[PDB]
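Trainee: The structure file data-v3.txt (compact mmCIF, C-alpha atoms and all ligand atoms) is provided below.
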# COMPACT_ATOMS: atom_id res chain seq x y z
CA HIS A 10 0.00 0.00 0.00
CA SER A 11 1.25 3.49 -0.88
CA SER A 12 0.19 7.13 -1.21
CA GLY A 13 -1.47 8.63 -4.28
CA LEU A 14 -3.00 7.05 -7.36
CA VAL A 15 0.04 5.28 -8.71
CA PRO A 16 3.15 4.06 -6.91
CA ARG A 17 6.32 5.99 -7.61
CA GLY A 18 7.64 2.57 -8.65
CA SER A 19 11.44 2.81 -8.24
CA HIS A 20 12.70 3.92 -11.63
CA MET A 21 15.34 6.50 -10.82
CA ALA A 22 18.89 7.43 -11.71
CA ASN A 23 21.11 9.93 -9.99
CA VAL A 24 23.86 10.84 -12.45
CA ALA A 25 26.96 13.01 -12.00
CA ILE A 26 28.23 14.76 -15.15
CA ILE A 27 31.87 15.65 -14.53
CA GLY A 28 35.16 16.38 -16.23
CA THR A 29 37.78 18.94 -17.19
CA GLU A 30 37.35 22.51 -18.45
CA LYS A 31 35.74 22.96 -21.89
CA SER A 32 34.66 19.30 -21.96
CA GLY A 33 30.99 20.04 -22.82
CA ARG A 34 29.76 19.07 -19.32
CA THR A 35 27.23 21.85 -18.80
CA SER A 36 25.97 21.59 -22.37
CA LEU A 37 25.41 17.84 -21.96
CA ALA A 38 23.64 18.13 -18.58
CA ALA A 39 21.51 21.09 -19.72
CA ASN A 40 20.33 19.04 -22.71
CA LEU A 41 19.47 16.03 -20.52
CA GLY A 42 17.02 17.70 -18.14
CA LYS A 43 15.47 20.94 -16.87
CA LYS A 44 17.54 23.31 -14.74
CA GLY A 45 16.59 23.06 -11.07
CA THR A 46 18.51 23.61 -7.86
CA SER A 47 21.70 25.55 -8.46
CA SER A 48 24.49 26.34 -5.98
CA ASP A 49 28.12 25.28 -6.53
CA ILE A 50 26.52 22.32 -8.33
CA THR A 51 23.44 22.35 -10.60
CA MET A 52 20.67 19.78 -10.82
CA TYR A 53 19.04 19.10 -14.13
CA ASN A 54 15.87 17.13 -13.63
CA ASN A 55 14.23 14.78 -16.03
CA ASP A 56 11.30 12.80 -14.74
CA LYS A 57 9.58 13.14 -18.10
CA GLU A 58 11.29 10.09 -19.68
CA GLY A 59 10.45 7.20 -17.37
CA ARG A 60 12.93 7.30 -14.55
CA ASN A 61 13.07 10.07 -12.07
CA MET A 62 16.44 11.13 -13.43
CA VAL A 63 18.60 13.79 -11.91
CA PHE A 64 21.83 14.99 -13.54
CA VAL A 65 24.25 16.89 -11.39
CA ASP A 66 26.65 19.25 -13.10
CA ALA A 67 29.69 19.82 -10.89
CA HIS A 68 30.11 23.24 -12.50
CA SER A 69 32.43 24.69 -9.84
CA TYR A 70 35.02 21.98 -10.55
CA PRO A 71 38.00 22.22 -11.26
CA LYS A 72 38.03 25.42 -9.18
CA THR A 73 36.79 23.50 -6.12
CA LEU A 74 36.91 19.78 -5.27
CA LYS A 75 33.84 19.98 -3.07
CA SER A 76 31.73 20.58 -6.20
CA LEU A 77 33.09 17.34 -7.70
CA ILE A 78 32.90 15.29 -4.48
CA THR A 79 29.33 16.46 -3.68
CA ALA A 80 28.16 15.58 -7.17
CA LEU A 81 29.77 12.15 -6.89
CA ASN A 82 28.62 11.34 -3.35
CA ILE A 83 24.96 12.08 -4.19
CA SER A 84 25.10 10.15 -7.46
CA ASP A 85 25.11 6.46 -8.44
CA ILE A 86 26.35 6.85 -12.01
CA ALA A 87 29.19 9.02 -13.23
CA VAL A 88 29.50 10.36 -16.78
CA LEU A 89 33.07 11.54 -17.37
CA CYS A 90 33.25 14.01 -20.25
CA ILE A 91 36.49 14.02 -22.19
CA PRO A 92 36.77 16.34 -25.23
CA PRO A 93 39.02 15.67 -28.25
CA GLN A 94 42.73 15.73 -27.16
CA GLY A 95 41.30 16.14 -23.64
CA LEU A 96 43.79 13.99 -21.72
CA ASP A 97 44.82 16.83 -19.43
CA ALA A 98 45.52 17.39 -15.73
CA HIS A 99 41.92 17.62 -14.61
CA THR A 100 40.84 14.63 -16.64
CA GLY A 101 43.59 12.64 -14.81
CA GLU A 102 42.42 14.13 -11.48
CA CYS A 103 38.80 13.03 -12.20
CA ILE A 104 39.99 9.53 -13.03
CA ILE A 105 42.01 9.38 -9.82
CA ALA A 106 39.01 10.66 -7.79
CA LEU A 107 36.62 8.08 -9.25
CA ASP A 108 39.12 5.28 -8.65
CA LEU A 109 39.79 6.41 -5.02
CA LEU A 110 36.01 6.47 -4.47
CA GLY A 111 35.69 2.94 -5.80
CA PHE A 112 33.04 4.49 -8.03
CA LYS A 113 31.32 1.43 -9.53
CA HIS A 114 29.07 2.58 -12.34
CA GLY A 115 29.94 4.96 -15.08
CA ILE A 116 30.35 5.93 -18.71
CA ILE A 117 32.96 8.01 -20.53
CA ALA A 118 31.38 10.58 -22.86
CA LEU A 119 33.72 11.58 -25.65
CA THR A 120 32.14 14.96 -26.23
CA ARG A 121 32.28 17.46 -29.11
CA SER A 122 32.25 14.64 -31.71
CA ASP A 123 31.40 17.12 -34.45
CA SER A 124 34.79 18.81 -33.91
CA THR A 125 36.78 15.63 -34.61
CA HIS A 126 36.95 12.55 -36.87
CA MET A 127 36.25 8.84 -36.46
CA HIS A 128 39.91 7.91 -36.81
CA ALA A 129 40.90 10.40 -34.12
CA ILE A 130 38.05 9.18 -31.87
CA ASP A 131 39.28 5.60 -32.26
CA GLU A 132 42.79 6.74 -31.25
CA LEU A 133 41.44 8.55 -28.19
CA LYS A 134 39.44 5.43 -27.16
CA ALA A 135 42.55 3.24 -27.62
CA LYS A 136 44.47 5.62 -25.41
CA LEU A 137 41.73 5.55 -22.77
CA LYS A 138 41.69 1.75 -22.66
CA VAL A 139 45.30 2.22 -21.42
CA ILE A 140 44.89 5.05 -18.88
CA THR A 141 41.88 3.26 -17.29
CA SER A 142 43.42 -0.23 -17.17
CA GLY A 143 43.54 -1.51 -13.58
CA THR A 144 41.15 1.21 -12.35
CA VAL A 145 37.39 1.22 -11.65
CA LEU A 146 36.86 2.81 -15.16
CA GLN A 147 38.49 -0.07 -16.97
CA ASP A 148 35.20 -1.52 -18.29
CA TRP A 149 33.26 1.72 -18.70
CA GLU A 150 31.84 2.23 -22.19
CA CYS A 151 33.15 5.22 -24.18
CA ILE A 152 30.44 6.94 -26.19
CA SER A 153 31.23 9.54 -28.85
CA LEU A 154 28.60 12.28 -28.85
CA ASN A 155 27.77 15.94 -29.33
CA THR A 156 24.98 18.28 -28.30
CA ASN A 157 25.18 20.47 -31.44
CA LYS A 158 21.86 20.61 -33.33
CA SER A 159 23.72 22.30 -36.25
CA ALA A 160 26.43 19.66 -36.70
CA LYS A 161 26.59 17.29 -39.72
CA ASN A 162 25.56 14.60 -37.25
CA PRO A 163 23.46 16.53 -34.72
CA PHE A 164 23.22 14.95 -31.30
CA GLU A 165 24.89 11.75 -32.46
CA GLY A 166 25.64 9.43 -29.53
CA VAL A 167 23.16 11.13 -27.15
CA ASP A 168 20.50 8.45 -27.69
CA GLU A 169 23.15 5.75 -27.05
CA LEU A 170 24.29 7.53 -23.85
CA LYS A 171 20.73 7.69 -22.59
CA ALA A 172 20.24 4.02 -23.40
CA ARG A 173 23.40 3.05 -21.52
CA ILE A 174 22.45 5.25 -18.56
CA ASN A 175 19.08 3.48 -18.38
CA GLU A 176 20.81 0.06 -18.61
CA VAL A 177 23.19 0.95 -15.75
CA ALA A 178 20.29 2.53 -13.77
CA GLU A 179 18.45 -0.80 -13.85
CA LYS A 180 21.40 -2.59 -12.18
CA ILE A 181 21.65 0.21 -9.58
CA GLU A 182 17.93 -0.04 -8.72
CA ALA A 183 18.46 -3.70 -7.74
CA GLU A 184 21.60 -2.88 -5.71
CA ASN A 185 19.78 -0.04 -3.95
CA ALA A 186 16.75 -2.26 -3.25
CA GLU A 187 19.07 -4.55 -1.20
CA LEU A 188 19.75 -1.58 1.06
CA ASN A 189 16.04 -1.09 1.85
CA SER A 190 16.29 -3.43 4.86
CA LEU A 191 18.91 -1.25 6.64
CA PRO A 192 18.14 1.55 8.98
CA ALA A 193 17.34 4.79 7.07
CA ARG A 194 20.02 7.43 6.42
CA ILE A 195 19.50 10.56 4.34
CA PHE A 196 22.31 12.87 3.24
CA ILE A 197 21.32 16.54 2.98
CA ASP A 198 22.67 18.62 0.08
CA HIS A 199 20.53 21.76 0.42
CA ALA A 200 18.42 23.34 3.18
CA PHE A 201 16.27 26.47 2.89
CA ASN A 202 13.11 28.11 4.18
CA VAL A 203 9.95 28.02 2.09
CA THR A 204 7.28 30.64 2.91
CA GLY A 205 4.34 29.22 4.88
CA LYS A 206 6.15 25.91 4.60
CA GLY A 207 9.21 26.22 6.84
CA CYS A 208 12.33 24.02 6.91
CA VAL A 209 12.85 22.12 3.66
CA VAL A 210 15.87 19.93 2.88
CA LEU A 211 16.90 18.30 -0.37
CA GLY A 212 18.96 15.16 -0.29
CA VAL A 213 19.17 11.51 -1.14
CA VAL A 214 18.23 8.39 0.82
CA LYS A 215 21.56 6.49 1.14
CA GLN A 216 20.10 3.31 2.70
CA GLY A 217 16.88 1.98 4.15
CA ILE A 218 13.45 3.45 3.47
CA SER A 219 12.61 6.84 4.92
CA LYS A 220 8.91 7.25 5.85
CA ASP A 221 6.62 10.28 6.16
CA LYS A 222 6.08 11.11 9.88
CA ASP A 223 9.26 9.29 10.98
CA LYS A 224 10.66 10.58 14.27
CA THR A 225 14.40 10.47 13.93
CA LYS A 226 17.46 12.70 14.40
CA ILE A 227 19.68 15.09 12.50
CA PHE A 228 23.50 15.00 12.85
CA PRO A 229 25.95 16.37 13.76
CA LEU A 230 23.45 18.52 15.77
CA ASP A 231 22.22 15.32 17.50
CA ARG A 232 18.69 16.73 17.65
CA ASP A 233 15.29 15.01 17.53
CA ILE A 234 13.26 15.90 14.44
CA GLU A 235 10.09 14.71 12.70
CA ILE A 236 9.68 14.29 8.97
CA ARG A 237 6.51 16.32 8.20
CA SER A 238 6.39 15.35 4.51
CA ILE A 239 8.53 13.81 1.75
CA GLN A 240 8.35 14.93 -1.88
CA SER A 241 9.70 13.24 -4.99
CA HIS A 242 9.86 15.50 -8.02
CA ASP A 243 7.29 17.75 -6.36
CA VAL A 244 4.68 15.09 -5.42
CA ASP A 245 4.16 14.06 -1.74
CA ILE A 246 5.06 10.38 -1.14
CA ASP A 247 4.61 8.14 1.96
CA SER A 248 8.04 6.56 1.73
CA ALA A 249 11.34 6.97 -0.04
CA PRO A 250 13.56 3.93 -0.54
CA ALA A 251 17.37 3.91 -0.93
CA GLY A 252 18.49 5.86 -3.99
CA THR A 253 15.49 8.23 -3.88
CA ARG A 254 16.19 11.90 -4.32
CA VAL A 255 13.89 13.75 -1.86
CA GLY A 256 12.63 17.07 -0.65
CA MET A 257 11.58 16.93 3.00
CA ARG A 258 9.72 19.26 5.32
CA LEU A 259 11.27 18.93 8.77
CA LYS A 260 9.91 19.72 12.25
CA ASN A 261 12.08 20.93 15.18
CA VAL A 262 14.99 22.28 13.15
CA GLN A 263 15.58 25.57 11.34
CA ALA A 264 17.15 25.72 7.88
CA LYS A 265 19.63 28.30 9.27
CA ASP A 266 21.15 25.54 11.42
CA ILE A 267 21.50 22.89 8.71
CA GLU A 268 24.47 22.67 6.35
CA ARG A 269 25.16 20.47 3.30
CA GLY A 270 26.56 17.26 4.70
CA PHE A 271 24.21 16.94 7.65
CA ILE A 272 22.62 13.50 8.00
CA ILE A 273 19.13 12.39 8.97
CA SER A 274 19.27 9.08 10.80
CA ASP A 275 18.70 7.52 14.23
CA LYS A 276 22.44 7.30 15.02
CA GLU A 277 25.73 8.74 13.69
CA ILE A 278 29.28 9.10 14.95
CA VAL A 279 30.10 12.76 15.60
CA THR A 280 33.77 13.68 16.16
CA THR A 281 36.34 16.38 15.44
CA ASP A 282 39.18 13.80 15.32
CA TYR A 283 39.58 10.77 13.06
CA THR A 284 41.61 7.56 13.01
CA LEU A 285 41.54 6.34 9.41
CA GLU A 286 42.98 3.24 7.78
CA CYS A 287 44.19 4.81 4.52
CA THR A 288 45.52 3.88 1.11
CA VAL A 289 47.65 6.66 -0.38
CA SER A 290 47.48 7.59 -4.05
CA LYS A 291 50.54 6.80 -6.13
CA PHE A 292 50.13 10.28 -7.59
CA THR A 293 50.55 12.51 -4.54
CA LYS A 294 53.33 13.67 -2.16
CA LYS A 295 54.45 11.70 0.92
CA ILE A 296 52.28 12.56 3.91
CA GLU A 297 54.13 13.74 7.01
CA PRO A 298 53.09 14.46 10.59
CA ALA A 299 51.95 18.05 11.15
CA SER A 300 50.96 18.43 7.49
CA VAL A 301 47.59 19.93 6.52
CA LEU A 302 45.07 18.05 4.36
CA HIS A 303 41.43 18.45 3.36
CA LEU A 304 39.02 15.74 4.48
CA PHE A 305 35.83 14.75 2.68
CA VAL A 306 33.27 12.36 4.11
CA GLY A 307 29.68 12.20 2.93
CA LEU A 308 28.90 15.74 1.76
CA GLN A 309 31.13 17.37 4.39
CA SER A 310 34.59 18.82 3.89
CA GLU A 311 37.06 20.46 6.19
CA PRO A 312 40.79 21.10 6.85
CA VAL A 313 42.59 18.58 9.07
CA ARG A 314 46.10 18.19 10.55
CA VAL A 315 48.00 14.90 10.48
CA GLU A 316 48.84 14.14 14.11
CA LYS A 317 50.31 10.64 13.83
CA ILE A 318 51.14 8.09 11.13
CA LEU A 319 51.29 4.32 11.85
CA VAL A 320 52.21 1.19 9.86
CA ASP A 321 51.48 -2.32 11.26
CA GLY A 322 50.80 -0.55 14.58
CA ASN A 323 54.16 1.21 14.74
CA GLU A 324 54.70 4.93 14.38
CA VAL A 325 56.51 6.25 11.31
CA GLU A 326 57.66 9.68 10.04
CA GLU A 327 55.99 9.52 6.60
CA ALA A 328 53.47 7.62 4.49
CA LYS A 329 54.84 7.33 0.96
CA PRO A 330 52.68 7.56 -2.19
CA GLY A 331 51.14 4.19 -2.90
CA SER A 332 51.39 2.92 0.68
CA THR A 333 48.86 1.89 3.31
CA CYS A 334 48.85 3.47 6.74
CA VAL A 335 46.76 4.57 9.67
CA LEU A 336 46.43 8.33 9.95
CA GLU A 337 45.39 10.01 13.18
CA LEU A 338 43.83 13.32 12.15
CA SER A 339 42.55 16.41 13.96
CA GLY A 340 40.07 19.10 12.91
CA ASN A 341 38.01 21.95 14.35
CA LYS A 342 34.38 21.29 13.33
CA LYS A 343 32.26 18.30 14.32
CA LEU A 344 31.48 15.98 11.42
CA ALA A 345 28.85 13.21 11.30
CA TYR A 346 29.57 9.79 9.78
CA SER A 347 29.13 6.07 10.13
CA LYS A 348 31.88 3.49 9.64
CA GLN A 349 30.60 2.57 6.18
CA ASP A 350 31.34 6.10 4.91
CA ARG A 351 34.47 6.33 2.74
CA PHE A 352 36.73 9.29 3.57
CA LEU A 353 38.81 11.12 0.94
CA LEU A 354 41.90 13.15 1.74
CA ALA A 355 43.22 15.93 -0.48
CA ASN A 356 45.95 18.52 -0.66
CA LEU A 357 44.33 21.60 -2.14
CA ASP A 358 47.69 23.18 -3.05
CA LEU A 359 48.77 20.38 -5.42
CA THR A 360 48.04 19.96 -9.15
CA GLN A 361 46.52 16.56 -8.71
CA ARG A 362 44.76 17.21 -5.43
CA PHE A 363 43.56 13.79 -4.25
CA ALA A 364 45.82 12.17 -1.69
CA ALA A 365 44.13 9.06 -0.27
CA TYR A 366 40.97 7.27 0.69
CA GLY A 367 40.35 5.79 4.11
CA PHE A 368 37.85 4.37 6.54
CA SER A 369 37.28 5.07 10.23
CA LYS A 370 39.01 2.61 12.55
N1 LIG B 401 30.86 21.85 -31.59
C1 LIG B 401 30.47 21.65 -30.32
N2 LIG B 401 30.78 22.55 -29.38
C2 LIG B 401 30.32 22.20 -28.14
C3 LIG B 401 29.59 21.08 -27.80
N3 LIG B 401 29.29 21.07 -26.44
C4 LIG B 401 29.83 22.16 -25.98
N4 LIG B 401 30.48 22.90 -26.95
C5 LIG B 401 31.15 24.19 -26.74
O1 LIG B 401 32.34 24.00 -26.00
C6 LIG B 401 32.44 25.00 -24.95
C7 LIG B 401 32.48 24.27 -23.61
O2 LIG B 401 31.22 23.67 -23.36
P1 LIG B 401 30.66 23.59 -21.87
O3 LIG B 401 29.35 22.92 -21.94
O4 LIG B 401 30.74 24.96 -21.28
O5 LIG B 401 31.68 22.68 -21.17
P2 LIG B 401 32.08 22.84 -19.71
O6 LIG B 401 33.05 21.75 -19.44
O7 LIG B 401 30.80 22.89 -18.98
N5 LIG B 401 32.81 24.25 -19.63
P3 LIG B 401 33.37 24.93 -18.30
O8 LIG B 401 34.62 24.17 -17.93
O9 LIG B 401 33.53 26.40 -18.59
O10 LIG B 401 32.24 24.88 -17.29
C8 LIG B 401 31.27 25.97 -25.14
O11 LIG B 401 31.70 27.13 -25.85
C9 LIG B 401 30.26 25.13 -25.92
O12 LIG B 401 29.36 25.85 -26.76
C10 LIG B 401 29.26 20.14 -28.81
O13 LIG B 401 28.62 19.10 -28.66
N6 LIG B 401 29.75 20.49 -30.08
MG MG B 402 30.65 22.65 -16.02
For the structure just supplied, provide its representation as structure tokens.

Mentor:
Amino acid sequence: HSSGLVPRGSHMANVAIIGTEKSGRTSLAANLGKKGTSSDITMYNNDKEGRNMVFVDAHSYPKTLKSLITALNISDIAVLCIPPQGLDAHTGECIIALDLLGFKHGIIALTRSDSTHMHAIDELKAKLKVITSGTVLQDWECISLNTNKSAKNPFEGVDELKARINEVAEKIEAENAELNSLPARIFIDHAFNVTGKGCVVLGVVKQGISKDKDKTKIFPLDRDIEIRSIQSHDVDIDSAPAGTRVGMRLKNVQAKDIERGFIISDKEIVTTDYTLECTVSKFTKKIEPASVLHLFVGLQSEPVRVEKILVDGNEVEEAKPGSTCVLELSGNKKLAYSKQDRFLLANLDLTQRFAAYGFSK
């Protein structure tokens, strides 16, 4: 039994459209759905074509990593846009990020096809087979496409992209359905006031099934709240299973006190210090005690200091690129997480900024 006249009936896909500068990212996203929520990322919604699809354009990347990381941590499918001759620093950084995230499902969009030639496209694909070997992208399809209605071959490859997205989305729906039995957690990406309709948050159900009228908590505040209503593409729904992008009216909390990265759930760890078992990128600098890094977990980010490095339980003076270690880290602000949340570490002053992934000990 469910609300309304027709069940919402799963079908959804949360897609991140990412990549380097001048890769056609915004153009692709903007042609895949209607412009919605817009901050340092922009949602393009398309619930007109079967699935409740949302495409997130990380449009403030490469300037900021948080734009990229937010897009990726609220999405289940990544579309990496690489333009002709587009094997540059930020393309490599995107590849590294996706591989550190263990990002399962994705597609490479070889954009601007009208500006290139089949033989050049085949050479770029050959090259990519190599760069992606031994990474999570190794079996991603590469689809040549453009979003130019005036090209000789207008919008070639777009239909094939959409078809592949739908194919991948189907696999994700089944994986997300397995999570329905877990306790509910919802990651918040936006919070604002709506007139005569107070505190509203936008986010995604990460696991379980969130239900209208649930009495639960918000972290890191550690405050009791009630879910007053849940909306899915603007229609009130009684429940929202894992993978569902939601709007929620909340009781007992003001939008002014909620930030992106807050979590709705019955229980979260809240700390300002972290002990992470980490694997260090091969493409970063050795990490040393007292060094400063940037930590991402869920949709939160903040500066941290490396207090201690350990290997096999013994303290060391460095963690080299491509090594495994335990890092004891300190920060200022309280962050909320559970042990299943993957952490990323970055050095914002480097060219390739991702340093490591880790999990809380
Ligand atoms: N011929 C052609 N040009 C395209 C296509 N898609 C985008 N462009 C052009 O290439 C430029 C970059 O496109 P854009 O969508 O802004 O990519 P972006 O990666 O979002 N750019 P930015 O890094 O500034 O945010 C724009 O001038 C745009 O008109 C395409 O399919 N064909
Ligand atoms: Mg962009």

Trainee: Go through A:261, A:32, A:219, A:46 one by one, measure the shortest atom-to-atom distance of each to residue 92 of chain A using all atoms listed in the file, and give the residue with the smallest value.

Mentor: A:32

Trainee: Hey, which residues come within 8 Å of ligand MG 402 (chain B) if we count all atoms listed in the file? Could you give them as number ranges by chain?

Mentor: A: 27-28, 30-36, 66-70

Trainee: Extract, using all atoms listed in the file, all DNA, RNA and protein residues at most 8 Å from segment 158-169 of chain A, discarding same-chain residues fewer than 5 positions from it, and format them as a list in words.

Mentor: residues 122, 123, 152 and 153 of chain A

Trainee: Can you report as JSON the centre and edge lengths in Å, to one decimal, of an axis-aligned box around the listed atoms of ligand LIG 401 (chain B) padded with 4 Å on each side?

Mentor:
{"center_x": 31.6, "center_y": 23.1, "center_z": -24.4, "size_x": 14.0, "size_y": 16.0, "size_z": 22.3}

Trainee: Between A:52, A:211, A:200, A:119, which is the closest to ligand LIG 401 (chain B) once you count only C-alpha atoms and all ligand atoms?

Mentor: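 Smallest separation from ligand LIG 401 (chain B) among the options: A:119.
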
Trainee: Choose the residue, out of A:231, A:108, A:97, A:358, that has the smallest atom-to-atom separation from residue 277 of chain A; count all atoms listed in the file.

Mentor: A:231

Trainee: For a test of reading the model, state the distance in Å between atom CA of residue 62 of chain A and atom CA of residue 193 of chain A, rounded to one decimal.

Mentor: 21.5 Å

Trainee: Mind rebuilding segment 188-207 of chain A with N, CA and C atoms and writing that out as a compact mmCIF listing (two decimals), in the frame of the given file?

Mentor:
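Dumped everything to out.txt:
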# COMPACT_ATOMS: atom_id res chain seq x y z
N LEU A 188 19.48 -2.47 -0.09
CA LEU A 188 19.75 -1.58 1.06
C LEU A 188 18.48 -1.21 1.81
N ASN A 189 17.31 -1.51 1.25
CA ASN A 189 16.04 -1.09 1.85
C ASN A 189 15.85 -1.64 3.27
N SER A 190 16.50 -2.76 3.57
CA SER A 190 16.29 -3.43 4.86
C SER A 190 17.11 -2.82 6.00
N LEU A 191 18.00 -1.88 5.68
CA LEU A 191 18.91 -1.25 6.64
C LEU A 191 18.20 -0.11 7.29
N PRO A 192 18.71 0.32 8.45
CA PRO A 192 18.14 1.55 8.98
C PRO A 192 18.32 2.75 8.02
N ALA A 193 17.33 3.64 7.99
CA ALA A 193 17.34 4.79 7.07
C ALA A 193 18.42 5.81 7.37
N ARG A 194 19.11 6.27 6.32
CA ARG A 194 20.02 7.43 6.42
C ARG A 194 19.78 8.32 5.22
N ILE A 195 19.72 9.63 5.44
CA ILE A 195 19.50 10.56 4.34
C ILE A 195 20.58 11.61 4.43
N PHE A 196 21.31 11.82 3.33
CA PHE A 196 22.31 12.87 3.24
C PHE A 196 21.66 14.13 2.69
N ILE A 197 21.89 15.25 3.37
CA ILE A 197 21.32 16.54 2.98
C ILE A 197 22.29 17.33 2.09
N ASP A 198 21.82 17.79 0.94
CA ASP A 198 22.67 18.62 0.08
C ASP A 198 22.29 20.09 0.03
N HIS A 199 21.02 20.38 0.35
CA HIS A 199 20.53 21.76 0.42
C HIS A 199 19.51 21.88 1.54
N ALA A 200 19.44 23.06 2.17
CA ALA A 200 18.42 23.34 3.18
C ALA A 200 18.04 24.81 3.03
N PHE A 201 16.74 25.08 2.94
CA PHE A 201 16.27 26.47 2.89
C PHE A 201 14.89 26.60 3.51
N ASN A 202 14.48 27.84 3.76
CA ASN A 202 13.11 28.11 4.18
C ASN A 202 12.20 28.29 2.98
N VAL A 203 10.97 27.80 3.11
CA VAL A 203 9.95 28.02 2.09
C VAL A 203 8.77 28.68 2.80
N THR A 204 8.32 29.82 2.26
CA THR A 204 7.28 30.64 2.91
C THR A 204 5.99 29.87 3.18
N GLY A 205 5.56 29.91 4.44
CA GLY A 205 4.34 29.22 4.88
C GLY A 205 4.50 27.72 4.76
N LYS A 206 5.75 27.28 4.90
CA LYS A 206 6.15 25.91 4.60
C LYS A 206 7.61 25.80 4.99
N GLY A 207 7.87 26.02 6.28
CA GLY A 207 9.21 26.22 6.84
C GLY A 207 10.38 25.41 6.31
